[PDB]
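Asks: Structure file my_file05.tsv (TSV, N, CA and C atoms) right here:
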chain	number	residue	atom	x	y	z
A	2	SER	N	0.85	-1.23	0.00
A	2	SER	CA	0.00	0.00	0.00
A	2	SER	C	0.87	1.26	0.00
A	3	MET	N	2.22	1.17	0.12
A	3	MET	CA	3.10	2.34	-0.08
A	3	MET	C	3.09	2.82	-1.53
A	4	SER	N	2.54	2.00	-2.45
A	4	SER	CA	2.41	2.44	-3.81
A	4	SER	C	1.20	3.33	-4.06
A	5	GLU	N	0.36	3.49	-3.05
A	5	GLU	CA	-0.73	4.47	-3.08
A	5	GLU	C	-0.31	5.67	-2.23
A	6	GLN	N	-0.36	6.86	-2.83
A	6	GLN	CA	0.19	8.08	-2.24
A	6	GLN	C	-0.83	9.19	-2.26
A	7	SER	N	-0.85	10.00	-1.20
A	7	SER	CA	-1.67	11.21	-1.21
A	7	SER	C	-1.03	12.25	-2.11
A	8	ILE	N	-1.84	12.89	-2.95
A	8	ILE	CA	-1.40	13.99	-3.79
A	8	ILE	C	-2.02	15.30	-3.43
A	9	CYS	N	-3.02	15.29	-2.57
A	9	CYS	CA	-3.52	16.55	-2.07
A	9	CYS	C	-4.26	16.27	-0.80
A	10	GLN	N	-4.37	17.31	-0.01
A	10	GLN	CA	-5.28	17.26	1.14
A	10	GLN	C	-5.92	18.64	1.26
A	11	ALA	N	-7.12	18.61	1.80
A	11	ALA	CA	-7.86	19.82	2.05
A	11	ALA	C	-8.83	19.58	3.19
A	12	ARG	N	-9.28	20.69	3.79
A	12	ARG	CA	-10.26	20.67	4.89
A	12	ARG	C	-11.65	20.99	4.33
A	13	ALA	N	-12.59	20.06	4.50
A	13	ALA	CA	-13.93	20.24	3.97
A	13	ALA	C	-14.90	19.42	4.80
A	14	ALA	N	-16.14	19.92	4.90
A	14	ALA	CA	-17.23	19.12	5.42
A	14	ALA	C	-17.79	18.32	4.24
A	15	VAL	N	-17.93	17.01	4.45
A	15	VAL	CA	-18.35	16.10	3.40
A	15	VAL	C	-19.83	15.80	3.58
A	16	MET	N	-20.64	16.12	2.57
A	16	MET	CA	-22.04	15.74	2.59
A	16	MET	C	-22.35	14.82	1.43
A	17	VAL	N	-23.50	14.15	1.53
A	17	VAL	CA	-24.09	13.36	0.45
A	17	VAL	C	-25.51	13.86	0.26
A	18	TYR	N	-26.00	13.78	-0.98
A	18	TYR	CA	-27.37	14.24	-1.24
A	18	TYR	C	-28.32	13.07	-1.01
A	19	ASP	N	-29.28	13.27	-0.11
A	19	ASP	CA	-30.29	12.26	0.18
A	19	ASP	C	-31.39	12.43	-0.85
A	20	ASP	N	-31.33	11.60	-1.91
A	20	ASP	CA	-32.27	11.73	-3.01
A	20	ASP	C	-33.71	11.63	-2.54
A	21	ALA	N	-34.00	10.74	-1.61
A	21	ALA	CA	-35.36	10.52	-1.19
A	21	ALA	C	-35.96	11.73	-0.50
A	22	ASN	N	-35.17	12.43	0.29
A	22	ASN	CA	-35.66	13.57	1.03
A	22	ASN	C	-35.23	14.93	0.47
A	23	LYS	N	-34.53	14.93	-0.66
A	23	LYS	CA	-34.14	16.15	-1.36
A	23	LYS	C	-33.34	17.11	-0.47
A	24	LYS	N	-32.29	16.63	0.13
A	24	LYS	CA	-31.52	17.49	1.02
A	24	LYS	C	-30.12	16.90	1.18
A	25	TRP	N	-29.17	17.77	1.47
A	25	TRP	CA	-27.82	17.36	1.81
A	25	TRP	C	-27.75	16.88	3.26
A	26	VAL	N	-27.08	15.78	3.46
A	26	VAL	CA	-26.89	15.21	4.78
A	26	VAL	C	-25.40	14.97	5.01
A	27	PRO	N	-24.94	15.04	6.26
A	27	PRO	CA	-23.51	14.83	6.50
A	27	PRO	C	-23.09	13.41	6.20
A	28	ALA	N	-21.99	13.25	5.47
A	28	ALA	CA	-21.47	11.92	5.21
A	28	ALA	C	-21.04	11.32	6.54
A	29	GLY	N	-21.44	10.07	6.78
A	29	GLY	CA	-21.13	9.38	8.02
A	29	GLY	C	-22.01	9.74	9.19
A	30	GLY	N	-22.96	10.67	9.06
A	30	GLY	CA	-23.95	10.92	10.07
A	30	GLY	C	-23.83	12.16	10.91
A	31	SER	N	-22.73	12.91	10.90
A	31	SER	CA	-22.66	14.10	11.75
A	31	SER	C	-21.90	15.22	11.04
A	32	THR	N	-22.45	16.42	11.11
A	32	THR	CA	-21.87	17.54	10.41
A	32	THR	C	-20.52	17.91	11.05
A	33	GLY	N	-19.50	18.14	10.20
A	33	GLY	CA	-18.26	18.68	10.69
A	33	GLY	C	-17.17	18.53	9.65
A	34	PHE	N	-16.03	19.14	9.93
A	34	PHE	CA	-14.95	19.15	8.97
A	34	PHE	C	-14.11	17.89	9.02
A	35	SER	N	-13.70	17.46	7.81
A	35	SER	CA	-12.83	16.35	7.56
A	35	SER	C	-11.56	16.81	6.86
A	36	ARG	N	-10.55	15.96	6.98
A	36	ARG	CA	-9.33	16.06	6.17
A	36	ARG	C	-9.54	15.11	4.99
A	37	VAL	N	-9.59	15.70	3.78
A	37	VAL	CA	-9.96	14.99	2.57
A	37	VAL	C	-8.73	14.93	1.66
A	38	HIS	N	-8.38	13.72	1.26
A	38	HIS	CA	-7.24	13.46	0.38
A	38	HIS	C	-7.71	12.95	-0.96
A	39	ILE	N	-6.88	13.25	-2.01
A	39	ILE	CA	-6.89	12.50	-3.25
A	39	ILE	C	-5.67	11.57	-3.25
A	40	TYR	N	-5.92	10.24	-3.29
A	40	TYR	CA	-4.87	9.25	-3.32
A	40	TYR	C	-4.71	8.73	-4.75
A	41	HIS	N	-3.43	8.61	-5.16
A	41	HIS	CA	-3.05	8.03	-6.44
A	41	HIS	C	-2.42	6.66	-6.22
A	42	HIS	N	-3.09	5.66	-6.73
A	42	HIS	CA	-2.52	4.34	-6.73
A	42	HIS	C	-1.66	4.21	-7.98
A	43	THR	N	-0.35	4.21	-7.76
A	43	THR	CA	0.55	4.25	-8.89
A	43	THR	C	0.65	2.91	-9.61
A	44	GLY	N	0.30	1.81	-8.98
A	44	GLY	CA	0.41	0.52	-9.68
A	44	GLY	C	-0.55	0.37	-10.83
A	45	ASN	N	-1.77	0.87	-10.66
A	45	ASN	CA	-2.80	0.74	-11.68
A	45	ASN	C	-3.34	2.07	-12.18
A	46	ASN	N	-2.64	3.17	-11.83
A	46	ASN	CA	-3.03	4.51	-12.25
A	46	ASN	C	-4.51	4.79	-11.96
A	47	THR	N	-4.93	4.53	-10.72
A	47	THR	CA	-6.26	4.89	-10.28
A	47	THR	C	-6.17	5.94	-9.18
A	48	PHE	N	-7.31	6.61	-8.95
A	48	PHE	CA	-7.41	7.63	-7.93
A	48	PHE	C	-8.68	7.42	-7.12
A	49	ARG	N	-8.62	7.83	-5.84
A	49	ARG	CA	-9.81	7.82	-4.99
A	49	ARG	C	-9.74	9.03	-4.06
A	50	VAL	N	-10.91	9.44	-3.58
A	50	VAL	CA	-11.06	10.45	-2.55
A	50	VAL	C	-11.36	9.74	-1.23
A	51	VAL	N	-10.55	10.02	-0.19
A	51	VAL	CA	-10.78	9.47	1.13
A	51	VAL	C	-10.74	10.62	2.12
A	52	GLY	N	-11.76	10.70	2.97
A	52	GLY	CA	-11.88	11.77	3.95
A	52	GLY	C	-12.18	11.19	5.33
A	53	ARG	N	-11.56	11.79	6.35
A	53	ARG	CA	-11.76	11.38	7.75
A	53	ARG	C	-12.04	12.60	8.59
A	54	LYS	N	-12.99	12.45	9.49
A	54	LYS	CA	-13.41	13.57	10.33
A	54	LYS	C	-12.23	13.98	11.21
A	55	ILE	N	-11.98	15.29	11.30
A	55	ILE	CA	-10.81	15.73	12.08
A	55	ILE	C	-10.94	15.32	13.54
A	56	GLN	N	-12.15	15.44	14.11
A	56	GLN	CA	-12.24	15.28	15.57
A	56	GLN	C	-11.99	13.85	15.97
A	57	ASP	N	-12.56	12.77	15.13
A	57	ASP	CA	-12.64	11.38	15.57
A	57	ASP	C	-12.10	10.44	14.54
A	58	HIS	N	-11.62	10.98	13.46
A	58	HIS	CA	-11.07	10.13	12.44
A	58	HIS	C	-12.07	9.20	11.78
A	59	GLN	N	-13.37	9.41	11.96
A	59	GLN	CA	-14.32	8.56	11.22
A	59	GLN	C	-14.09	8.67	9.71
A	60	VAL	N	-14.03	7.55	8.99
A	60	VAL	CA	-13.97	7.60	7.53
A	60	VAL	C	-15.36	7.95	7.05
A	61	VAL	N	-15.48	9.08	6.35
A	61	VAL	CA	-16.78	9.54	5.89
A	61	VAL	C	-16.95	9.45	4.39
A	62	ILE	N	-15.84	9.28	3.63
A	62	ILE	CA	-15.93	9.13	2.18
A	62	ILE	C	-14.75	8.29	1.75
A	63	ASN	N	-15.02	7.43	0.75
A	63	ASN	CA	-14.01	6.52	0.12
A	63	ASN	C	-14.54	6.24	-1.29
A	64	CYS	N	-14.27	7.17	-2.20
A	64	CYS	CA	-14.96	7.24	-3.48
A	64	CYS	C	-13.95	7.18	-4.62
A	65	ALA	N	-14.12	6.20	-5.49
A	65	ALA	CA	-13.38	6.15	-6.75
A	65	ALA	C	-13.46	7.49	-7.46
A	66	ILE	N	-12.39	7.77	-8.22
A	66	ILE	CA	-12.39	8.76	-9.30
A	66	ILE	C	-12.14	8.02	-10.60
A	67	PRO	N	-13.18	7.71	-11.38
A	67	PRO	CA	-12.89	7.08	-12.66
A	67	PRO	C	-12.70	8.11	-13.74
A	68	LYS	N	-12.13	7.60	-14.79
A	68	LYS	CA	-11.85	8.45	-15.95
A	68	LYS	C	-13.18	9.05	-16.38
A	69	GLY	N	-13.18	10.33	-16.71
A	69	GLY	CA	-14.31	11.02	-17.18
A	69	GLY	C	-15.21	11.55	-16.11
A	70	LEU	N	-14.87	11.36	-14.82
A	70	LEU	CA	-15.71	11.96	-13.78
A	70	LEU	C	-15.89	13.43	-14.04
A	71	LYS	N	-17.14	13.90	-13.87
A	71	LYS	CA	-17.45	15.31	-13.97
A	71	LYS	C	-17.43	15.92	-12.58
A	72	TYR	N	-16.52	16.85	-12.39
A	72	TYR	CA	-16.31	17.52	-11.11
A	72	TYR	C	-16.85	18.92	-11.23
A	73	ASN	N	-17.91	19.23	-10.48
A	73	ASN	CA	-18.60	20.50	-10.61
A	73	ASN	C	-18.20	21.46	-9.50
A	74	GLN	N	-17.67	22.61	-9.90
A	74	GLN	CA	-17.39	23.69	-8.97
A	74	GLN	C	-18.65	24.56	-8.93
A	75	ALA	N	-19.57	24.22	-8.03
A	75	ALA	CA	-20.85	24.90	-7.99
A	75	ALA	C	-20.69	26.33	-7.50
A	76	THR	N	-19.92	26.52	-6.45
A	76	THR	CA	-19.58	27.82	-5.90
A	76	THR	C	-18.06	27.80	-5.66
A	77	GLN	N	-17.52	28.94	-5.19
A	77	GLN	CA	-16.10	29.00	-4.91
A	77	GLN	C	-15.70	28.13	-3.70
A	78	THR	N	-16.64	27.72	-2.88
A	78	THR	CA	-16.30	26.86	-1.76
A	78	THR	C	-17.09	25.55	-1.68
A	79	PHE	N	-17.99	25.27	-2.62
A	79	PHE	CA	-18.75	24.02	-2.60
A	79	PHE	C	-18.61	23.36	-3.95
A	80	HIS	N	-18.01	22.16	-3.96
A	80	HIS	CA	-17.82	21.38	-5.17
A	80	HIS	C	-18.50	20.04	-4.99
A	81	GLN	N	-18.82	19.36	-6.09
A	81	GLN	CA	-19.64	18.17	-6.04
A	81	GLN	C	-19.35	17.27	-7.23
A	82	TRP	N	-19.67	15.98	-7.06
A	82	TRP	CA	-19.57	15.03	-8.16
A	82	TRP	C	-20.51	13.88	-7.87
A	83	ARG	N	-20.81	13.07	-8.90
A	83	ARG	CA	-21.73	11.94	-8.80
A	83	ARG	C	-21.01	10.58	-8.70
A	84	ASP	N	-21.71	9.69	-8.09
A	84	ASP	CA	-21.48	8.26	-7.95
A	84	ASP	C	-22.89	7.65	-8.14
A	85	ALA	N	-23.03	6.40	-8.67
A	85	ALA	CA	-24.37	5.80	-8.85
A	85	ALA	C	-25.15	5.83	-7.56
A	86	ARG	N	-24.42	5.69	-6.45
A	86	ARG	CA	-25.00	5.54	-5.13
A	86	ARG	C	-25.48	6.87	-4.54
A	87	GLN	N	-24.83	7.99	-4.87
A	87	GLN	CA	-25.13	9.28	-4.28
A	87	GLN	C	-24.25	10.34	-4.95
A	88	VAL	N	-24.71	11.56	-4.83
A	88	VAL	CA	-23.91	12.73	-5.11
A	88	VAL	C	-23.14	13.12	-3.84
A	89	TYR	N	-21.88	13.46	-4.03
A	89	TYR	CA	-21.00	13.90	-2.96
A	89	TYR	C	-20.80	15.39	-3.08
A	90	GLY	N	-20.72	16.04	-1.95
A	90	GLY	CA	-20.45	17.46	-1.88
A	90	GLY	C	-19.36	17.73	-0.86
A	91	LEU	N	-18.49	18.67	-1.20
A	91	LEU	CA	-17.44	19.12	-0.30
A	91	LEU	C	-17.65	20.62	-0.06
A	92	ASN	N	-17.94	20.95	1.21
A	92	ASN	CA	-18.05	22.35	1.65
A	92	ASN	C	-16.70	22.70	2.28
A	93	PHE	N	-15.84	23.32	1.47
A	93	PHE	CA	-14.47	23.56	1.87
A	93	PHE	C	-14.38	24.64	2.95
A	94	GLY	N	-13.32	24.49	3.78
A	94	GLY	CA	-13.09	25.44	4.85
A	94	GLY	C	-12.59	26.79	4.40
A	95	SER	N	-12.11	26.91	3.17
A	95	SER	CA	-11.59	28.17	2.61
A	95	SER	C	-11.59	28.02	1.09
A	96	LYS	N	-11.47	29.17	0.41
A	96	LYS	CA	-11.32	29.17	-1.05
A	96	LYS	C	-10.05	28.49	-1.46
A	97	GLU	N	-8.96	28.68	-0.74
A	97	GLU	CA	-7.71	28.04	-1.14
A	97	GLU	C	-7.84	26.53	-1.02
A	98	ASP	N	-8.49	26.03	0.05
A	98	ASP	CA	-8.73	24.59	0.14
A	98	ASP	C	-9.45	24.10	-1.10
A	99	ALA	N	-10.51	24.81	-1.49
A	99	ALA	CA	-11.33	24.40	-2.61
A	99	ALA	C	-10.53	24.43	-3.89
A	100	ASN	N	-9.70	25.43	-4.13
A	100	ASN	CA	-9.04	25.55	-5.45
A	100	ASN	C	-7.93	24.57	-5.57
A	101	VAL	N	-7.26	24.50	-4.52
A	101	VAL	CA	-6.13	23.55	-4.54
A	101	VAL	C	-6.65	22.15	-4.80
A	102	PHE	N	-7.71	21.69	-4.05
A	102	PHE	CA	-8.27	20.33	-4.23
A	102	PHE	C	-8.80	20.10	-5.64
A	103	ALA	N	-9.46	21.10	-6.18
A	103	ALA	CA	-9.91	21.02	-7.56
A	103	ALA	C	-8.76	20.88	-8.52
A	104	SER	N	-7.73	21.71	-8.37
A	104	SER	CA	-6.70	21.70	-9.38
A	104	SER	C	-6.11	20.31	-9.31
A	105	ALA	N	-6.03	19.80	-8.15
A	105	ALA	CA	-5.57	18.38	-7.98
A	105	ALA	C	-6.48	17.39	-8.70
A	106	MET	N	-7.79	17.46	-8.46
A	106	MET	CA	-8.77	16.62	-9.16
A	106	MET	C	-8.64	16.77	-10.68
A	107	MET	N	-8.53	18.17	-11.20
A	107	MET	CA	-8.39	18.33	-12.64
A	107	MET	C	-7.12	17.62	-13.14
A	108	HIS	N	-6.02	17.66	-12.36
A	108	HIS	CA	-4.80	16.93	-12.71
A	108	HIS	C	-5.08	15.44	-12.80
A	109	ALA	N	-5.72	14.90	-11.77
A	109	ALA	CA	-6.07	13.48	-11.78
A	109	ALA	C	-6.82	13.12	-13.04
A	110	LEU	N	-7.81	13.93	-13.38
A	110	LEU	CA	-8.65	13.60	-14.53
A	110	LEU	C	-7.88	13.60	-15.82
A	111	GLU	N	-6.85	14.44	-15.90
A	111	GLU	CA	-5.96	14.52	-17.08
A	111	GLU	C	-4.95	13.39	-17.19
A	112	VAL	N	-4.63	12.72	-16.07
A	112	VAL	CA	-3.70	11.61	-16.15
A	112	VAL	C	-4.36	10.25	-16.09
A	113	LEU	N	-5.63	10.16	-15.75
A	113	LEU	CA	-6.39	8.92	-15.83
A	113	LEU	C	-6.45	8.31	-17.22
Turn the structure described in the file into structure tokens.
Replies:
Amino acid sequence: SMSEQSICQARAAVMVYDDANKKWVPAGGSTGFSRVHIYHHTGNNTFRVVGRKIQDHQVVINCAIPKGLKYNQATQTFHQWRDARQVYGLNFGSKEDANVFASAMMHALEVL
């Protein structure tokens, strides 16, 4: 697993969209900020997003990034993308967190 490396980290609250109730809900069950990484698995050139809550280290997101993922910068601090299972949203702690993480994601998408 040393062949999988973090290429970015940022501070964001991770939500998922509850399709049935038409509302954003905190990923993992409780609202708060996480440390969110983009990991590059160099053996098979894959990427995933993994986030853990700062206070308790709960894993709140573990989401593939496949080739062609559409990454939407909805606002300067809220970005989102789809998975068959749910839409994910990142409410970043700052604009720099958001831009840096995006530029990282755009890089990932270009090397996939």
Asks: Give me the residues within 12 Å of range 81-83 of chain A as JSON, numbers by chain, counting only C-alpha atoms and dropping any in the same chain fewer than 5 places off.
Replies: {"A": [13, 14, 15, 16, 17, 18, 25, 50, 64, 65, 66, 67, 69, 70, 71, 72, 73, 74, 75, 76, 88, 89, 90, 91, 92, 93, 99, 102, 103, 106]}
Asks: Within 6 Å of (-7.9, 10.1, -9.0) in the file's own coordinates, which protein, DNA or RNA residues have an atom, counting only C-alpha atoms? List them as a PyMOL selection string.
Replies: chain A and resi 41+47-49+66+109
Asks: As number ranges by chain, please: all residues of chain A that backbone DSSP puts in alpha helix (DSSP H).
Replies: A: 96-112
Asks: What's the separation between atom C of residue 107 in chain A and CA of residue 60 in chain A, in Å to one decimal place?
Replies: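 About the pair atom C of residue 107 in chain A and CA of residue 60 in chain A: they are 24.0 Å apart.
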Asks: Using all atoms listed in the file, which of the listed residues (A:24, A:96, A:53, A:108) sits closest to residue 78 in chain A?
Replies: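 Smallest separation from residue 78 in chain A among the options: A:96.
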Asks: One decimal, in Å: what's the spacing between atom C of residue 52 in chain A and atom N of residue 35 in chain A?
Replies: 6.9 Å
Asks: Work out how far CA of residue 8 in chain A is from CA of residue 77 in chain A, in Å to one decimal.
Replies: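 Rounded to one decimal, the two atoms are 21.0 Å apart.
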Asks: Please return, as a ChimeraX atom specification, all polymer residues that have at least one atom within 6 Å of the point (-7.2, 10.2, 1.9); use only C-alpha atoms and the file's own coordinate frame.
Replies: /A:37-40,50-52
Asks: Using only N, CA and C atoms, which of the listed residues (A:68, A:58, A:12, A:42) sits closest to residue 94 in chain A?
Replies: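 Of A:68, A:58, A:12, A:42, the one nearest residue 94 in chain A, counting only N, CA and C atoms, is A:12.
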Asks: So, with only C-alpha atoms as the atoms that count, which of A:56, A:95, A:4, A:45 lies closest to residue 33 in chain A?
Replies: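 Checking each of A:56, A:95, A:4, A:45 against residue 33 in chain A, counting only C-alpha atoms, the winner is A:56.
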